[PDB]
Every structure is written in structure tokens, then in C-alpha cells.
Amino acid sequence: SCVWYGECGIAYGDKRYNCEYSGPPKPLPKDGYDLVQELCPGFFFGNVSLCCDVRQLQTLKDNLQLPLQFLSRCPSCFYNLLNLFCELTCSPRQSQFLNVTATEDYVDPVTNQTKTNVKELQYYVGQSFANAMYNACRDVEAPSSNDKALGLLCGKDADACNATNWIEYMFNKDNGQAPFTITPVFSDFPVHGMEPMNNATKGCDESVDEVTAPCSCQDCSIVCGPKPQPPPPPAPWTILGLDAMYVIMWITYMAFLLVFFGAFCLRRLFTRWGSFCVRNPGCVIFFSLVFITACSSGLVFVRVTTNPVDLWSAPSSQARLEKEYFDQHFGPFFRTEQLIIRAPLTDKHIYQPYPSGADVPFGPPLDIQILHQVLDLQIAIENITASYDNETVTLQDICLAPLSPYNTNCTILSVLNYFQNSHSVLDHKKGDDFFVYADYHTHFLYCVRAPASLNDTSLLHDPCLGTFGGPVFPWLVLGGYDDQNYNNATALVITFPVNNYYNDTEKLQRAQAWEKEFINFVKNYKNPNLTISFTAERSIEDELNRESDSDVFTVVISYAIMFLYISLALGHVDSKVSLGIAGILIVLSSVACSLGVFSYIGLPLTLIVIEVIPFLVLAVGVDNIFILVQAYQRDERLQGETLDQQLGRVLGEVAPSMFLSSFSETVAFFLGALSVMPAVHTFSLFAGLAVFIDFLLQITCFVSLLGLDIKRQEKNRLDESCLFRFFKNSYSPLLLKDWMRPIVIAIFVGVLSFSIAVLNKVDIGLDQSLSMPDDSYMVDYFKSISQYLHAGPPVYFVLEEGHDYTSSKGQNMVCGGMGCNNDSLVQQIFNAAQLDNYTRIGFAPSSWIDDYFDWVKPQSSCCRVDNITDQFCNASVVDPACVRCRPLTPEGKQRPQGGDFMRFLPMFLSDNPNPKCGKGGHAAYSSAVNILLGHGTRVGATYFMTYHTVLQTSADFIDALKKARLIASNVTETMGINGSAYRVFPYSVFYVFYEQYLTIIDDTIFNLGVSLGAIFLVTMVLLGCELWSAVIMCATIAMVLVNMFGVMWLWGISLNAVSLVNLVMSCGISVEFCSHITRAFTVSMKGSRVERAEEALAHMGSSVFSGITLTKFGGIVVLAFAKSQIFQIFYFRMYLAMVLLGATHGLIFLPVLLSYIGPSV
Ligand SMILES: CC[C@H](C)n1ncn(-c2ccc(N3CCN(c4ccc(OC[C@H]5CO[C@](Cn6cncn6)(c6ccc(Cl)cc6Cl)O5)cc4)CC3)c(Br)c2)c1=O
Ligand SMILES: *[C@@H]1O[C@H](CO)[C@@H](O[C@@H]2O[C@H](CO)[C@@H](O)[C@H](O[C@H]3O[C@H](CO)[C@@H](O)[C@H](O)[C@@H]3O)[C@H]2NC(C)=O)[C@H](O)[C@H]1NC(C)=O
Ligand SMILES: *[C@@H]1O[C@H](CO)[C@@H](O[C@@H]2O[C@H](CO)[C@@H](O)[C@H](O)[C@H]2NC(C)=O)[C@H](O)[C@H]1NC(C)=O
Ligand SMILES: *[C@@H]1O[C@H](CO)[C@@H](O)[C@H](O)[C@H]1NC(C)=O
Ligand SMILES: *[C@@H]1O[C@H](CO)[C@@H](O)[C@H](O)[C@H]1NC(C)=O
Ligand SMILES: *[C@@H]1O[C@H](CO)[C@@H](O)[C@H](O)[C@H]1NC(C)=O
Ligand SMILES: *[C@@H]1O[C@H](CO)[C@@H](O)[C@H](O)[C@H]1NC(C)=O
Ligand SMILES: *[C@@H]1O[C@H](CO)[C@@H](O)[C@H](O)[C@H]1NC(C)=O
Ligand SMILES: *[C@@H]1O[C@H](CO)[C@@H](O)[C@H](O)[C@H]1NC(C)=O
Ligand SMILES: *[C@@H]1O[C@H](CO)[C@@H](O)[C@H](O)[C@H]1NC(C)=O
Ligand SMILES: *[C@@H]1O[C@H](CO)[C@@H](O)[C@H](O)[C@H]1NC(C)=O
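Under the deposited numbering, the residues of the sequence shown are numbered 24 to 287, 334 to 641, 650 to 796, 814 to 1255, in order.
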């Protein structure tokens, strides 16, 4: 039996009384079921006769509105007090825990029948129920603050208000919700024929249903595990120099015993060529120019060069295989247009809130006297137009709108997009001139805790959601905050996203035409308030083509010195001048011809090779000239033979040595063109063919016109073993004495023992910020970005077509929370989020599959399907005769299983954010999931957008890649797929530019090793016999490039593809200093090997040393007027540490080994 019923007259305003009626319960109306099912679901079962009507519940839901405004966070905490009020409104047990003390009469103006108001009663309640409620609801965090939600509802300090006094305060009429006081009796036992309410409860740790998730420990920190820390650092410093400083000690012992050991076919085939070349040098010169000019006229047909940024991965590589999934499926990745704002002039600020005292410091840049000027600049940038094809272009035609056909507010991720980018909304001062209750400070403080919630709970009714319909995040907007709270902000971030659409080409430069005006405006700007830095994602590329056009003058003068040196260095007033200039025209045309061939073939000429190859072909091609003509000058003419037979003899002498040096490295490059890195793949083709066609040109063109020079010097008019043989005959023998031969082997094995030591500390990855001019705005940006932001580039985890999404497991593989499996996708993203320094992934996954379930949840009151045609009624329409989507049934409260799931899905995808509902799907998930029509319906690819931490250096990017791929493959195998039909590969903007660095250490051990293996093989073909003649070459070519790895560390040079092409250069140029001494050693008619080497030194070695000084003096001219930094950091020190380290181990070290293990016939 119940105590009262109905609604008696007014106490004051809207607050009414109840009417006394101590009889049987009343069968509820049919239309009242929709309220009682939502409010008191623990009563609607079996018989429906309770002691309430619809009007009590109608006013009662209005009475407890503010508890729903505060206690919407944890549903279980609200559920406990909801159980209390249900029992107070219409329990059938009201005769058991209620005793009415005061009763008043009442007169009705309408019906005139004398009724009875309910004045005052006693509520017998369980004490343990209050304790359970308090223990479950003590730690509920209030919105826009770090205090308790009870504090606003206790009417006092939150820490001192107990369960008991708070329930008294809730029952009190002073607060302004309850009509009159309800006197409680806090007991746990039957006292004098009463049965107090001890109805069952559930604490905030425990859920009431499956769909109701356990209240996450931001508001109930009773039972959640601590922030875990499984970074185990592995152990370095094991093999430092234990096998370096104690391996050379055996060298200083084996080489020390020698200190104590004292105690006792082709000439016939080149002479015959050289004969014909000298007999008729009229036609053979004509057959050179025609063949060149024919093969060097195809360049003008193509001459194409590739300068996008993505030229650093092969189009069949895995990176671009992943990237080219985004042309058909869900479009491109959007560019950014970042613009960082900060103010050093403005000082700190302190805010003091009104009702409670919890002062909060605001940083410099977010004060109103700055924010007006920030908004001025903000609105000024959207008033920027450019011209394409002589038509105007504005921002709205290029920037994306996440929901486009409804409205076309362009997207801006400014902080002022919390304030909807307006002036009048800023200064909503609520209150009198004396004090202010609510301002932009508290609104800003509320709008950072929940960026999706439209209607703010403050005095204001300002939407927090962005102007473009999408939630502006606190991640992408603020900078230099102390990692949790955003009130200490010191840098504003402005972002203008814009489309790409790769399959189109006519509307990309359309956008770049705007972006140049964007830069042109932001550069030409003056402001004493604040300092700015900016970045367009075209401007990462523009600075390369700006900076690269600043070292044309430095280097043409570098080649001029090499052009002048060839004149001076031939002879001993009748020196060889003209043929030096002719010899330049050979190599300068040879390299042009080699580019002209492959131009017609169709391979694009990169910016790497264009300056690297004219060093190579010159530095190799001229060393043919310096050896040949000096070998001619060191020969004397015989008694009975003319110049023809002389040149044939000396050609047959020298040329078979030279043929090896040409044909070895040439073939070494074309058998080192099998790597797939497209900077080194495109180099070796040119590097091989240029020197190939060069060597085929000196044998044709150069030697034929030497006779003309001898004819010219026979006439003794213009257009003797004296120069170095005096020097080398004095310099040579002191090396090969017993006095110095242990020293120069001990030092130059010591440097190998030094170079083998620090190979562990070989530096990997190019630094991004060491490729810019120092005076640029970009270097200022790369200083800023590493200093302020906490959320770098986004990453997408794309799951391909093939997965179910209908059956339970279909959900459970991608499911997240609400009583679900702990090995799912978004769960594993969420587990890796806290371990940001371990695995470089910043923050929450923010998926659609969980939000969709909240949208299709029966208590949403969001979606309404039409009664007759199944058309989607809008959430903000009057709703006259269209019905709920999911029938409000306990079996129906679960997530959908059949095709109704995918039947309801497109209506979610076509929903704008309405105030009565949540955000919907079409705001931020319109491009998220692909729909496919056929076999009913089907769903395509899904991606879960999350953000990486701030990344600054080369180590960070590759560290992010490895662990992103680890996470993907970890969940792939755990997900339990049949075959390799679909993966969960990650994607970002930069996973093409840093895939090659993942496998740089593998392919170089292939590439240089195979090139080195080519030097082993072809010399066996060229030298015929003598294995030990080729092994000693292979050893010295190995030992020079390990010292090249040594000098990488010694200066601090990275191991990028830009350095790898100039590293494989060493394999091609070091053989030049090795063959011309080895052939000279293997054929020499002396018995004893000691004096045999001096022949090889004095006859060939001097002319080799004469051919290093041009590149030696071509080095000094680079640094003497060095302008750029990228050219100075790789392409200076590599050449210097290649010439001065190759020539050292070539013509000083090697003869000493030839005096030790010198073979003979
Ligand atoms: C976040 C990732 C981000 C996207 N990212 N990461 C790495 N990179 C990147 C991309 C490309 C590059 N490159 C690599 C090669 N760079 C380079 C550096 C020096 C370098 O020598 C300077 C050369 C040359 O020609 C000239 C001038 N010229 C004249 N006509 C055409 N050009 C030149 C000079 C002498 C002679 Cl005889 C002939 C020439 Cl053609 O000056 C030539 C090229 C040029 C720049 C770099 Br470094 C980094 C990025 O963009
Ligand atoms: C970063 O933001 C936090 C937000 O809490 C700042 O902490 C607050 O610092 C200011 C200055 O002290 C105050 O608002 C407040 O400190 C006050 O707390 C005591 C409590 O009894 C009070 O008596 C004093 O008036 C004192 O000023 C801090 N707030 C809290 C909740 O602790 C923090 O200082 C900011 N960081 C920096 C570097 O400024
Ligand atoms: C985004 O679009 C909404 C409308 O869908 C804009 O709201 C109104 O815009 C008009 C100007 O078109 C202005 O009077 C106000 O800004 C809004 N009206 C009212 C009554 O307040 C909104 O301005 C758009 N956002 C931006 C940044 O332009
Ligand atoms: C900026 O807006 C003002 C007012 O609408 C207008 O006079 C001016 O022409 C605009 N600027 C440009 C570059 O179009
Ligand atoms: C360019 O556009 C302007 C105005 O839109 C017009 O007057 C002019 O004739 C155009 N010029 C050309 C070459 O199309
Ligand atoms: C926000 O909620 C309050 C609660 O009373 C209401 O007055 C106001 O109209 C709501 N705002 C909007 C924009 O509907
Ligand atoms: C910012 O500069 C403007 C220039 O008109 C000036 O009016 C304003 O006082 C400056 N701000 C501050 C905080 O001094
Ligand atoms: C997931 O939960 C089950 C049941 O509690 C447990 O056996 C399993 O170890 C959990 N998974 C992981 C990865 O710990
Ligand atoms: C992890 O990195 C963050 C940078 O966002 C830093 O604040 C924090 O100190 C790091 N964690 C540890 C344990 O050092
Ligand atoms: C809601 O639906 C009605 C149906 O006529 C439509 O007029 C209105 O534009 C819709 N609102 C939104 C925000 O899509
Ligand atoms: C919905 O349709 C059914 C049958 O088509 C009908 O009985 C019912 O009255 C309709 N509901 C409304 C609100 O018109």
C-alpha cells in the first residue's frame, strides 16, 4: 500500500504539493510507459499498477535536471540516487519506510472539493545505502575544474560535507529544487514497526549492464592499475674497444718479431690500332664528332628532371604500395598550413573564480588584449585571393569542409574557433559592474575539457563546438603547456588544412598559387604585440630550389682551376696548352653524350647526379691523359723508327694497364645497379656509361690528335726526365729500406684498428633541419616546433576490405570498452598511448565503432525512423508520427547483430550535429568508412586517426616507424585472420620519406660488397693468372672504405642515400690508384722484388700523383668560398677524405705490402 498520490496546489510558483491517499495502487496510463521505462526501469515488470501518474514523473525529471547536468559522467552514481527518487515517487512499499507527521488541508478554486496537502513526513532510509552512495560518488570530478562535483551540490566545501548532511541538504528546500523538507531517519534496522529502505546498490567500480561501461578511473580511482612502465633499456658498452685496443697489441707483436728476426697477348692488338690512328688522323676524328653529336642530340627531346619530394622510394616498394591505397579508397592526405603565434611582451595573468576560490594562472598569449589582434590576423588571412589561369581563387574553393553541402564554413583549428571566430561573443560579461559571474576565462576553461559538447552548463549558452561542425582539440591548438592541464598555455597554433587529390593535376598548383600569396602576406607583416613563425607544406620544397641556386659561381671557378692546371702540368716556352683545352672538350662532351643517351631512353635526371658525375668523369678521364703523355715524354726516340711506330709502341705499353682501370669500375657499377634505392639506382647507370663512353673516346679521339701536337712541336712555332724523376728517385728508396718498413705498416694497420672500433657508432639518418639557409624562416620554425607542440603528424590505422562487422566477433576485433575483449584494436592503441616515450604514439584512438553504438543506443533520443517509408527523421524536427530506431527492449539494448547494423549505418554517416543529440557521424566520420552497394550492402576500409608525439630528429621518425609496424603486426596476428587477405598497416605523411632508412644497413652490405666482389672478379679476367695479385687489390680497396666509414664518425657525417652515392664513389675512384701500380708491378723484368717496386713507382706512380693535385686544389677552392651548408657537409669532406685517404693507402702503403708478399713469374 502507498501513502500519497497526484499533485495538490502551489507552494510557490511552479513547486506543488502531493495529495493524501492511503489505499490501493493505481494502474498507470499507457502513454506514461515511455517515461517510467526511462526513469524507473526496476518497476516496469509483470503487473504495471504502481502509485504514480505521468505528471509526477514529468515534473520530477525537470526537478533533477541539474544532477543530470553534473552527474552524467558516471551513470552508476546517478543510477543510485535514481533508485532513491523512484522509491520516493511510487514504490508499493511506501507504507514500510514512510511516516507522515504533518498534514494540511487544501481548497480548490476549480472543482471546489476540499483536498489534503502533504506537509511533512519522515523518510526511513538505509545508512549503508548512503555509505555506498558516498563511497561510490565521493571522487566525481566537476566539469571545468579539478574539484569535486559534490562541492557545487553540497552548498559548502566538498571535503567536509558527509553523506548524511549532504542528503539533508538535498532534501532541504533552501537550495531551490525541492518544494518542501523531507525529514530523514538514517538507520539500518526495523525501528518500531517500520522497514527502512535497503534496496540493492552497485558501486561505481561495478556496472549495472553490459552497455554501461565501468566508470573509468578519472572519477573513481579505487581500482585501476597504475601507469605501467615496460621500457626495459638494453645493455650497451659491452664490445667498446675491447677488440680494438687489444687486437692491435697482437699487431704490435707479429710486426715486432721482424725487429728481432735480424738476430741470425695484348700489345699486338693496341699497337696495330695506334698505327692506323696515326697513319690517317683525318677520318677517325670525323667518326668521333658525328657519333657524339648523333648520340648527344637526344637530350633536347626529353631533358626531364624530377623534383617532387617523393623521389626516394621505388614505385613497387612497400611504402608506396601502402600509400597508393589512398588514390581510390578514401582520398588523399590533407596538407597543413601551420602558423605559430606567441607574445613575449605580455606578462602572466591570474584568474579568481566567483562562487568558490580556486585561482588559475593564464599564460601570456591568450589574454583578450592579444586575442583581438590574433582574431584580426585570423580574419585577415581568409580575405586573401590569388589568380590561376586569370581567374580569382579564394580559400573556400581549396580548403576542405568536413560536411560540405550543408554549410561551407572553412575549417580553422584556432583557439578562437572555441569562440566561433567573432568579436561580440568574446565580451559576454555576465553580472553587474560590481562583480562578474562568468566571462571568456571560465568558458575557455570549460571548452577544453569537452570540445564536442555544444550547450555549456555555465550562465552562458555559447556552443563550444567549432564553426565547421568538428570538435577543435586542445592538442593541435596550444603549445608549451605542462603535459596535462592547458591553462599554462604559452603558444597558439593556427592550422589551415587543404586538399591534394593526386589523380588530378590541374588543381594542385591552383592551391600553391594561394600558398605563395599566404607566404607573401605573412612575410610582409609588422606587429609590435606578438612574434610569429609560419610554414606552408610547399615551403619545405621551395627552400631547396632557393638554396640550390647559390653555388653556381663558387664551382664554375672551381672547374676553371682544373681547366688551367692541365695547361701548366704538361711539359717541363713550348708547353702543351691546346691539347689540355682539347682534353676538356673530350670529357665535357662525353658526359653530355652519356646524359643525352639515357635522356632519349627516358630515365629522369636527378639533382644528385648532375654535380657528382662531372667530378668523377673528370677525375678518372684526366688520369688517362697524365699517365699517357708523360709516359710518351719519358720515352726517347729510337734510331730507325718514326713517330707512328713510337706511338704504337708506347700505346701498346701503357693502354693495357689503362684498359683494366676503365673496364673494372665500369662493369663494377653496372653490376651495382641492382639496388632499389632510386638515388643510387639512377646514379650508377650514368656513372658507368659516362666513363665507358669516355674511355672509348680517348682511345679514338685523343690519341689520333697527339700526332698533330708532335707535328706542331716539330715545326717549333706556336699556335727531358727532369720534372719529378729527380724527386721520385730520391723519395722512393727510403720507403723500401729496412729502417721505415715496419713503421708505415704499423701506423696504417693501427688506423684500420681505429676505424674498425667506431663502426658501432656509425651515425644513421639525415637531419631534416640541416638542409636550409640560415637566414630563412624555416630554421626558426624547426627551432619552434621542437620547443612548443606536443602532437606532431597524424597516423591512420587502415583495415582493408574482408572483415565481417556483423557477427559478434566481427565487432569484438575492433570493439572498445562497454564490457568487451581486452585484445581488440582500439584497446591496443589505447594501451600504447600511455607509453609514449616507449612507442611514439601520443593520444587516444577516437574511433567511430564506439560512437556509432552511442548514436544507435535506445536511450539516445537521436535517430527517428519514419513509420511508413523508413526515411530518417531529423533529431531537431518536431517528430509528429515517426518512431524509434531500436525498439526499447532488454534484448534490443545490445549492439546489433544482423544486417540492421549496416541498415542503420548510412543514416549515422548522413547526420549533422544537432543540439538535442550528440555530434553525429557526418561531422568527422563522413570520409572514415567506405560504403559499397551490391549483395545488399557492404562496408569498406576503416581508419582510426591518432596523433604521434612531437618529433624533432632523424632517430625519432624511424623509431616511430618500427614500433608503429610492431603494433600493426602485433594486432594482425592476434586478430586471427585467414591468410593475408587484409592487414592493419599504418599510414602517415612521412612513411615514404623514412622507409629506406629502416633498411639502409642491409642493402649497403649488399651493394658495396657486390661492387667490391666485381673488383675481385674482373681483375682475374684482365690479369689472367696471379690470384695473389688480385687479392692484394681487393684488400686495399676494402681497407680504404672502412677508413671512409672511420671519417664519417670523425667529422660526424650521416649515412643517408645522399652520402651513399658518394660512398660507392670511393669503390669506383680508389681502383684508379690501385690498378696502375699493380699492372706495373706484375710485369717488370727484375729478379728481386724490392728494386722491382721502385720501377713501378718511378714509371707510373709519379704520373698518378700528378693526377691527384687537380682534385686536391679543386678541394680548397670549395671551402675558400663555401656558401651553402648541405654542399659543405657531404660533398666537400667526402672528396677531401677520399683523395687524401685513397692516395695515401694507394701509392705509399701498397708498395710496402708489395715488398712483403710480392708475387713473381
Ligand atoms: C620531412 C622529410 C622531408 C620531406 N625531407 N627529408 C629529406 N628531404 C630532402 C630532399 C632532397 C634533398 N636534396 C638532396 C641533394 N641536394 C643537393 C645538395 C648539393 C648539391 O650540389 C649543388 C649543385 C647542384 O646543382 C648546382 C646548381 N645548379 C645549376 N643548375 C642546376 N642546379 C650545380 C653546381 C655545380 C655544377 Cl658543375 C653543376 C650544378 Cl647543376 O649546384 C646538389 C644537390 C639537394 C637537396 C635533401 Br638534402 C633532403 C626532404 O625534403
Ligand atoms: C600550471 O597550472 C597549475 C594549475 O593548478 C598552476 O597551479 C596553481 O598555481 C597558482 C599560483 O600558485 C595558483 O592558482 C594555485 O596555487 C595556490 O594554491 C594554494 C592552495 O592553498 C593557495 O593558498 C595559494 O593562493 C596558491 O597561489 C595553483 N593551483 C593548484 C590547483 O594547485 C601552476 O602553478 C601552473 N604552472 C606554473 C609554472 O605556473
Ligand atoms: C558558420 O555558419 C553559421 C551558420 O550556419 C554562421 O552563423 C551566423 O553567421 C552570420 C553571418 O553569415 C552571423 O550573423 C553570425 O556569425 C551567425 N548568426 C548569428 C545570429 O549569430 C557562422 O557565423 C559561420 N562561421 C563563420 C566563422 O563564419
Ligand atoms: C578584404 O575585405 C574588405 C571588406 O570586405 C575589402 O574591401 C577588400 O577588398 C578585401 N581584400 C581583398 C584582398 O580582396
Ligand atoms: C585577365 O582578366 C582580366 C579581368 O578579369 C581581363 O580584363 C583581361 O582581359 C584578362 N586577360 C587575358 C589575357 O585573358
Ligand atoms: C542550454 O541549456 C539551458 C538549460 O536551461 C537552456 O536554458 C538553454 O536554452 C540551452 N541552450 C540552447 C542553445 O538550447
Ligand atoms: C598591441 O598593439 C596595438 C597597436 O595598435 C596597441 O593598441 C596595443 O596597446 C598593444 N597591446 C598591448 C598589450 O600593449
Ligand atoms: C584478458 O582478460 C582475461 C580474463 O580476465 C585474461 O585471462 C587475459 O590475461 C587478459 N588479457 C591480457 C592480455 O592480459
Ligand atoms: C615522457 O615524455 C614526456 C614528453 O611529453 C616527458 O614530459 C616525460 O618526462 C617523459 N617520461 C619520463 C618518465 O621521463
Ligand atoms: C533537420 O531536418 C530538416 C528537415 O526538413 C531540415 O530542414 C534541416 O536542415 C535539418 N537540420 C540539419 C542541421 O541538418
Ligand atoms: C504508425 O503506423 C501504424 C501502422 O502503419 C499505425 O497503427 C500507427 O498509428 C502509426 N503511428 C503514428 C504515430 O501515427
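The C-beta atom is built at its ideal place from N, Cα and C for all residues, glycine as well.
Item	Value
State the Cα-Cα distance for the pair residue 931 and residue 560, rounded to the nearest angstrom.	23 Å
Quick check: what's the CA-CA separation for residue 985 versus residue 912?	16 Å
For residue 241, count neighbouring Cβ atoms within 10 angstroms of its own Cβ and tell me buried if that reaches 16, exposed if not.	exposed
According to DSSP, is residue 418 part of a helix, a strand, or is it coil?	strand
Alpha carbon to alpha carbon, how far is residue 645 from residue 1246?	One cannot assign coordinates to residue 645, given that the chain in this structure leaps from 641 to 650.
Can you tell me whether residue 960 is helix, strand or coil according to DSSP?	strand
Is any non-hydrogen atom of ligand 7 found closer than 8 Å to the C-beta of residue 439, if you look at the structure I gave you?	yes
Does the contact criterion of 3 or more C-beta pairs under 8 Å hold for the segment 537–550 versus the segment 1008–1023?	yes
Per DSSP, what are the beta-bridge partners of residue 128 in this structure?	139
Taking DSSP as the reference, what is the three-state secondary structure of residue 171?	strand
Return the chain-ordered list of same chain residues with a C-beta closer than 7 Å to the C-beta of residue 244, the five sequence neighbours on each side being excluded.	162
Among residues of its own chain, excluding the 5 on either side of residue 155, which ones have a beta-carbon nearer than 6 Å to its beta-carbon?	224
Comparing alpha-carbon positions, which option in 923, 1101, 1143 and 525 lies nearest residue 1041?	923
Take residue 211 as the anchor and find which of 151, 847, 268 and 189 has the nearest alpha-carbon.	151
Using three-state DSSP, classify residue 511 as helix, strand or coil.	helix
Give the DSSP bridge partners of residue 409, in chain order.	562 and 602
If you measure from each CB to the nearest heavy atom of ligand 6 and keep those under 5 Å, what residues do you get, in chain order?	524 and 530
One question on the structure: do residue 149 and residue 221 come within less than 9 Å of each other, judged by their Cβ atoms?	yes
Consider the C-beta atom of residue 881 and the heavy atoms of ligand 9; say whether any pair is separated by less than 8 Å.	no
In this structure, how does DSSP classify residue 42 when only helix, strand and coil are distinguished?	strand
So, is residue 27 buried or exposed, given that buried needs 16 or more other C-beta atoms within 10 angstroms?	buried
Whose C-alpha, out of 1201, 1172 and 1203, is nearest the C-alpha of residue 1248?	1172
Find out if the Cβ-Cβ distance for the pair residue 394, residue 1035 is shorter than 9 Å.	yes
Can you name the residues that DSSP bridges to residue 457?	460
Just checking my contact of residue 518 with residue 888 at CB under 8 Å: how many whole Å lie between their CB atoms?	Between residue 888 and residue 518 the Cβ distance is about 22 Å, and since that is not below 8 Å, they are no contact.
Have a look at residue 505 and residue 530 and give me their C-alpha separation to the nearest angstrom.	16 Å
How long is the line joining the alpha carbons of residue 88 and residue 973, rounded to whole angstroms?	23 Å
Should residue 663 and residue 581 be called a contact, given that it needs their Cβ atoms to be closer than 9 Å?	no
Please report the distance separating the alpha-carbon of residue 583 from that of residue 1027.	38 Å
Return yes when the Cβ of residue 720 is within less than 9 Å of the Cβ of residue 347, no when it is not.	yes
Could you check the C-alpha separation between residue 1061 and residue 249 for me, to the nearest Å?	22 Å
So residue 976 is in the beta strand (DSSP E); what residue range does that whole segment cover?	976–978
With a 10 Å radius around its C-beta and 16 neighbouring C-beta atoms as the bar for buried, classify residue 1093 as buried or exposed.	exposed
Okay, do the segment 898–907 and the segment 988–996 touch, 3+ Cβ pairs below 8 Å being the bar?	yes
Measuring only from the beta carbon, is residue 597 closer than 8 Å to any heavy atom that is part of ligand 7?	yes
Is it true that the segment 776–789 meets the segment 1207–1221, where meeting means three or more beta-carbon pairs spaced less than 8 Å apart?	no
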